[PDB]
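> Provided hereafter are the protein sequence and its experimental coordinates.
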Amino acid sequence: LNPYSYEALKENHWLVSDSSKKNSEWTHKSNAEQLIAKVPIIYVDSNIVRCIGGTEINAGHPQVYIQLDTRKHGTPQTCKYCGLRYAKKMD
Amino acid sequence: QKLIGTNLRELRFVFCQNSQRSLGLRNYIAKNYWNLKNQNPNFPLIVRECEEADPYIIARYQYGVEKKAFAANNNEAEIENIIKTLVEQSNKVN
Amino acid sequence: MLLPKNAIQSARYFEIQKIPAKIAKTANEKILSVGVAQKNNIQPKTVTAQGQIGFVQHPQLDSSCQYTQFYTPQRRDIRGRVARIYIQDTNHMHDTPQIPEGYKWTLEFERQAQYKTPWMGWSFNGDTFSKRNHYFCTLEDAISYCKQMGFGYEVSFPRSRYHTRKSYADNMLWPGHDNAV
Amino acid sequence: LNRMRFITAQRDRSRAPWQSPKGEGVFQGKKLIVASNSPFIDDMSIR
Amino acid sequence: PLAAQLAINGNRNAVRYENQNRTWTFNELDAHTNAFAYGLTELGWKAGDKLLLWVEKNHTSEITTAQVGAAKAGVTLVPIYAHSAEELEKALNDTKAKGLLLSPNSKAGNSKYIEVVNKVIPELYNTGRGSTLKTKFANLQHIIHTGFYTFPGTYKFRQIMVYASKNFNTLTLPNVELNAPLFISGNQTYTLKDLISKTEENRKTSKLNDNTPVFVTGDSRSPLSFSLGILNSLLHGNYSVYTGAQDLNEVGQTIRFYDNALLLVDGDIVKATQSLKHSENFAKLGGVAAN
Amino acid sequence: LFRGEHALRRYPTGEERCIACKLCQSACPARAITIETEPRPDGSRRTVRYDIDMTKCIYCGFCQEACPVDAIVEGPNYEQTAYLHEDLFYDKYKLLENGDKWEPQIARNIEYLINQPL
Amino acid sequence: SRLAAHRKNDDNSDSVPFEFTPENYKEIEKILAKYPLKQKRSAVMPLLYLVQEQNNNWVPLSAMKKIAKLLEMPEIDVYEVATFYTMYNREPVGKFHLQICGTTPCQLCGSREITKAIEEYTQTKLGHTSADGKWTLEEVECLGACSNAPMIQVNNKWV
Amino acid sequence: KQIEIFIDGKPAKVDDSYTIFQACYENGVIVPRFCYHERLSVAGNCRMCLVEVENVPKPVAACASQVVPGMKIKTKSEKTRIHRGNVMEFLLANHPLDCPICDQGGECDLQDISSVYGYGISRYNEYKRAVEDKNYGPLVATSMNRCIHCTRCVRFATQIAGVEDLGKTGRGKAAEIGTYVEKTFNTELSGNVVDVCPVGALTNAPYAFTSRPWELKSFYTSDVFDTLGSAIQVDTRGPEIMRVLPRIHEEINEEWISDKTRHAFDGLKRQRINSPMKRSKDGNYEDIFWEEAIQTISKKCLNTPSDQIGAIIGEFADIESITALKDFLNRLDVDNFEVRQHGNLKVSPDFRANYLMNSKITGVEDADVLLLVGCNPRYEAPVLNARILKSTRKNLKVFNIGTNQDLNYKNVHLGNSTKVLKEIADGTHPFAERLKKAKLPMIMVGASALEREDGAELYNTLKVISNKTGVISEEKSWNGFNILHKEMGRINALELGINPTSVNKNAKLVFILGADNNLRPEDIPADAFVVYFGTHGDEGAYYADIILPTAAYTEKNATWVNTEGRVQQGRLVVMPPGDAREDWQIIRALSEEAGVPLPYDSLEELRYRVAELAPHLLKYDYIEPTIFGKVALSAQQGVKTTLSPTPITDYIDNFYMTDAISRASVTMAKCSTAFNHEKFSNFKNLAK
Ligand code: SF4
Ligand code: SF4
Ligand code: SF4
Ligand code: SF4
Ligand code: FES
Ligand code: FES
Ligand SMILES: [Zn+2]
């Protein structure tokens, strides 16, 4: 799994990936990547999921909507404001 | 005209393309460029045209030495004489 | 940004439009005297917003630049610098800015040393004169300011879209007869 | 004490110095032969 | 002989290249092959001139186009299986080939094809731009590589190709002669008529009907692969699918869609593959043949 | 509403709330905030350098007001006396540490502030 | 008729073959003759209908590319037509593609009761296809025979 | 026909061809828009330009409505305000709340129009539309939830470029603009897609998450990666450069730039030489002072006889640097400015007409037939390729002699060998009659063909063909003979009069002025001493006994002459990195130390010397006409005119890697690895 391979670049949006997630500790001066990677994929029945980054409006990020009806079934989608990743509960 | 290559290192003609002050040099170049080139195959004969530019024949002899001749309102015979003098003066220059 | 044609016909206005011809003073300039003469003969005689040929004018350190304030004991490099006069148009990213641009001539100075300090990586400028651009309503005013302050100036004239016929009917066009070759 | 790393990174963000060869190196005529340091793979050359 | 399918129905698909994912109709195949033939003729190729084939399996489209164009132009092709510069030089000296088409990125031993070619012919390195080759062989005028990069003394396949114009084509294509040699495999030479006879015999033996899509795995340079592949499609209007270096697994996935479809199995491909992951994909293979 | 010492918060999951929109940098009247951002390897829009010059900053509160995700918050700490001028050049490390330490009280105040409009 | 893009399916990959039968080629020739010689771009819809008839009532991506190649038009145009028009099934359907009208006339006449009865008999929900590839339920708009409501259509053919 | 209309009661006069939007723009009243683009077709999708007309009950779309006599337009009326508010509310409905995270935060015309014309508060309180993202490659980042379905991207792709990939697939609110299948948008002009897209749905991926518009300072300069030359804007936040954009220059740039010139500036950010260096016999490089480097170079120059001194001209050489080098070599008695013998351009620098495009970049819009010889406009000067596409769609027939590249427009491939040229010259080829029939024909020849060993013969053949077929016609006052160059440095050298054919076979002292292409060990003798003026160490820094850092095009205030003869001024954006010095200053210091001081100490005096050599270079952004075109291009009697039987090829292999800056760039490497395999094809796309 070479981070500079064409397959890896295409899968990671043409960005060099860090599997260990340790380089961010220096690059962005935080372990937030490691912390967020621990949260598992949240499975949502609906095709579209609403995220506000909290329990109430103004307590998180602006209300956003994520399409879980991916052209490939079951592909998780990550929220842009927070790293939470949601996937459709295919059955 | 056959000894230009050995006598000089470069000839240049800077003039205007639509001015009577340059008409003479313009016509002389248009008529004799190919003759001079055939006489001296590999010698550099540069031609530069700029509007409202003073006619000038620049002869570069050797070791970065150049002589500039003001050829304004000069008949083709005068241009021939000036070029001949520039070519002949190479020995005196070096 | 464009007063009516020949609306102003003052001697001062004509002087502002006209650009001086250089006089060889330095030894290098005297050696290149032919070059100075050629430059004087070739460069445009007057500057107007209708001009189309760019040019560079040397600073005129003369009695005309007496109004400059940037010649002080501590700083002696601002005067005699060369500026750039051009119209800054809106970026290609967007077409309808909240604050539209292109209605004024911008005068700019090339930036000097710019270095990031070690302690925090903050950007620092060796000179504080060329941080902000200057703005003028007319190229005549910009050139007058340059002459008054003793700055040399390059002028690059604007370029705009060529007007072309536009019509929704052009979407539907009959190609022609099939047998046509 | 690790100010050098931060300073070098800040300098490289805008301009990264070229790492010149050091020590003995192979010569082909008047040329020093060094392998390319580009992490990216030359897929067209390889296949 | 090579335009019956165009006369009948040129819109029908002609050949498929699964490895490089490109499918050609009869019209497109004819256009490409005619372009190759015109390019060779313009370069000066004549009837009987020899072109060496040193292209690996992956370049199935290039192999097929070169074969058909050589057949159209009456140029004989000699496949060469050389993993060493000694073998390459021996083959070149023995054949006196006018041209050598090869795959540069292919690896032979510890060196690539382009490196071996340069080693055999050092003159290519210093050859002038647009200058004819002055080599020891005295006849290897043309060197062509099917690669992305360009090297001195070599020309790319697309650069060699020349698409003739409808009203500005001064070139001429000699009429295809059946008896003219086309392939020189080993010490045996196959003519176009003999290849056609081989195609007919193989079809009769394998019960290969018109609508049975043929699959070819491995190198397409073999005379049998040429007979049962592009040649079969151009003669009987069949549908050929080349898998190139793809193993039995990947061949199978393509195979599943096709029904009652003949498979040609390369020995090299068989040894490389370990075992069939999904034997169900071959449940409707119809018939199986071996090179 | 007291504006004390600047700090950077995180979501309950531990992810940073700061997305490099630079709204706080632009609104800072004193030009005391410097932000540089590069895409994170996972692809998040996160800053690589977030500096606040505490000596150049006027504790107005414009930064937290303009923050759209409540990333930068001027928490209640005011006993931030420093003996060295360099100690007042707060960096991303310092701001994140302040947020981690002072999250309880900051969150308690933010609860009431958010509930007031309701 | 769900997504506005290509669904990643193993049975609808680019490697799937598709070839028109000689009868389909003759029909295509007739269609082209009916349309202007230069305006071959107008034969997309008849070509798609022929593809559906030839296949199991759906248009493969390979078939769409073949149509584009035959019509000398961009494949994106064929993609746009297929996605815009809902009568083209871009994915395989069941043996019976039931299409129950749901517009106000049919709704007044009792379309909901008929839909519930169909669901009960077929042991499947609306829109979803039955476990076995036999039934596929869909809700459609006014089919035309409002005065004869409630109504259904099968395979876009029989009302 | 002039027609009188009223805008807010203000009389105005416009011809009937004008639309409402065009009349408003001419009269100075601005109208919001999202989908109307000047260079694209007319569409009425967004309907944000609705205005009020007294006699028209319905709102009228200004963009797609022609003016009518006596029209009473009320753009400031309450009805117009309500129309704008309604359209803006509909647009913002379903629009994601991504302003903080969107890269177009400060350059969003949607935000600006919502602030200026639309209402200040929204009523839509419901679930919004959600659209999956798409992968278009490493050059364009897609966030399709922000798409407004204005089809500007589709129109640009289909019209400006030949690529036909984007389309509005679907119906209703579920419609999605983009490729139906998953594929990358790898067109050479993909960068301009981001510019045309107005709502940040498509953004610059390399520039993504970097900075904001309000914290950038912009400088107008000229492109150098292509010999065509392009008017570009460089945005910088302090020392760092970012977001190179095009700027309107219809004569040369026509608002578009190529991906190379848009994303190759990253090369300047690494592998930069920042100090004079010297290499030991063992090969160990060590940094030294400018004084030491100049002193050793001057000592070598004094010791070395002028006979065995030579120079190589680099790719990015400028007028000032080449003039200084020429003067220094002349004062040292050195006259040969080439050391490479493998490939030299076969063209005389006497007349500008014989090595410049006689017909300007706009000459394609005037020619009826255009014949290319060893040229690939798609890879070299892609903007020129787009212009040729426009010309061939309006009225122009394109023929090609050489390789059959995947041009965006149909072309007639005559051949690839010199047999076609021989036949055309002899007159037996039907294309000779075709040219004679055609009016204002044009011949474009790439510099590689003239750089061939038989370049002189090919050049003479082209001259005779042009003269015989009327490409140079006095009655038509037309000169269609053109040469497309590949080296701005070579163009500058030809302008200054340096002979490209003068090659020093054996040179003991070589001065390499930033040359990195075509260098091979055989060119440099083993015993020679090499001084390399350069800015990158990819190549030429390994052949150098001494290395001198120089300035780049974004760091040097110099002059550049493009392929068509236009002389532009490249301006200083940031100073040279580290201890780098301007190349002309380095040459001046070297001359003074060696004892042959040059007569210029500043840019003004150096430009006076440039005026001495060739005055026309002092008229910036202007093409000086020449009246010696026919004389220069006239075919002489007795010339060789003997061509070789070999294919005519194109030098470009990897479009994203052509020069040292591109090779050092990272974005270009990503583009190469993401596009080379998808774009490589030995066959021709018969579809187009
Ligand atoms: S308190 Fe005000 S001045 Fe200080 S950092 Fe925050 S916004 Fe800037
Ligand atoms: S602290 Fe808030 S306003 Fe400042 S960059 Fe981060 S998210 Fe934007
Ligand atoms: S285009 Fe970007 S900045 Fe503008 S409204 Fe949409 S998300 Fe916000
Ligand atoms: S992606 Fe951008 S340019 Fe394309 S249709 Fe959507 S909003 Fe318009
Ligand atoms: S309501 Fe059923 S067909 Fe119209
Ligand atoms: S600008 Fe008028 S409809 Fe879009
Ligand atoms: Zn979220």
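Arrived safely, thanks for sending. Numbering: from 1, shown residues only, chains lettered A, B, ... in the order given. Ligands and ions are numbered 1, 2, ... in the order given.
> quick one, strands of chain C?
C:55-57, C:82-87, C:105-109, C:114-116, C:123-125, C:134-136, C:152-155 (DSSP state E).
> ok, the stretch 401-550 of chain H next?
Taking DSSP state E, counting those that start in this stretch, the strands of the stretch 401-550 of chain H run over residues H:412-415, H:442-446, H:472-473, H:478-479, H:481-484, H:509-513, H:529-534, H:546-549.
> got the ones you listed as TSV, with mean neighbour count and distance to residue G:147 columns?
Every C-beta, even on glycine, is put in place using the N, C-alpha and C of the backbone. Below are the strands of the stretch 401-550 of chain H laid out as TSV (neighbours: other Cβ atoms under 10 Å in any protein chain shown; distance: least, Cβ to Cβ, whole Å):
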stretch	mean neighbour count	distance to residue G:147
strand H:412-415	24	62
strand H:442-446	25	69
strand H:472-473	20	76
strand H:478-479	22	73
strand H:481-484	25	71
strand H:509-513	26	88
strand H:529-534	25	86
strand H:546-549	25	88
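> wait, which of these is closest to residue F:24?
strand H:546-549 (38.9 Å; Cβ to Cβ).
> any residue of the closest one touching chain C?
No: using Cβ under 8 Å from any Cβ of the partner chain, strand H:546-549 never reaches chain C; the gap is at least 15.9 Å.
> wait, residue H:505 touches residue H:341, no?
Yes: at 6.5 Å, residue H:505 counts as touching residue H:341 under the criterion of Cβ atoms under 8 Å.
> next up, the contacts around the residue of chain C at minimum distance from chain G.
As assessed by Cβ to the nearest Cβ, chain G sits closest to residue C:178 within chain C, at 3.9 Å. By Cβ atoms under 8 Å, 6 or more residues apart in numbering or on different chains, the contact list for residue C:178 reads G:36-38.
> now, which of those residues sits nearest ligand 5?
Nearest to ligand 5 out of the contacts of residue C:178 is residue G:36 (Cβ to the nearest ligand atom; 33.7 Å).
> so which residue of chain F comes closest to ligand 5?
residue F:118 (46.9 Å).
> give the closest residue to whichever residue of chain C sits closest to chain F in space, chain neighbours not counted.
As assessed by Cβ to the nearest Cβ, chain F sits closest to residue C:120 within chain C, at 5.4 Å. By the measure of Cβ to Cβ, 6 or more residues apart in numbering or on different chains, the closest residue to residue C:120 outside its immediate chain neighbours is residue F:89, 5.4 Å from it.
> and that neighbour, how many residues sit next to it?
Residue F:89 has 18 neighbours, counted by other Cβ atoms under 10 Å in any protein chain shown.
> can you check the one 5 residues further on too?
Other residues lying near residue F:94 total 21 when counted by other Cβ under 10 Å.
> that one: which element?
helix F:92-115 (DSSP states H and E).
> does any part of that helix sit near chain A?
Yes: applying Cβ under 8 Å from any Cβ, one finds that helix F:92-115 is in contact with chain A at F:92-93, F:96, F:110, F:114.
> and those residues, which two are furthest apart?
The span of the residues of helix F:92-115 next to chain A, defined through Cβ to Cβ, is set by F:93 and F:114 at 28.0 Å.
> and chain A, which of its residues are near chain F?
Counting by Cβ under 8 Å from any Cβ, chain A sits next to chain F at A:12-13, A:15-18, A:21, A:23-24, A:27-30, A:32-33, A:35-39, A:53-54, A:56, A:58-62, A:78, A:80-84.
> just the buried ones from the residues you listed, in ChimeraX syntax?
Selection of buried members from these for ChimeraX, criterion 16 or more other Cβ atoms under 10 Å in any protein chain shown:
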select /A:13,15,16,17,18,21,24,27,28,29,30,32,33,35,36,39,53,60,61,62,78,80,81,82,83,84
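> so which of the residues of chain A next to chain F reach ligand 7?
Counting by Cβ under 5 Å from the ion, A:53, A:81-82 from the residues of chain A next to chain F sit close to ligand 7.
> so how far is chain B from the closest residue to residue G:21 other than its chain neighbours?
In space, and not counting its chain neighbours, residue G:21 is closest to residue G:54: 6.4 Å by Cβ to Cβ, 6+ apart. Separation of residue G:54 from chain B (Cβ to the nearest Cβ, to the nearest Å): 71 Å.
> just checking, residue G:54 touches residue G:23?
No: assessed by Cβ under 8 Å, residue G:54 is found out of contact with residue G:23, at 9.0 Å.
> show me which of those two is the more surrounded one.
Applying other Cβ under 10 Å to residue G:54 and residue G:23 shows that residue G:54 carries more neighbours, namely 16 against 11.
> beta partners of the residue sitting nearest the centre point of chain F?
What sits nearest the mean C-alpha location of chain F, by Cα atoms, centre = their mean, is residue F:72, with 2.6 Å. Residue F:72 forms beta bridges with residue F:8, as assigned by DSSP bridges.
> again with residue F:47
Bridge pairing for residue F:47 - DSSP bridges - gives residue F:37.
> report how many residues lie close to it.
24.
> verify the stated contact: it with residue F:39.
No: using Cβ under 8 Å as the test, residue F:47 is too far from residue F:39 to be in contact (10.9 Å).
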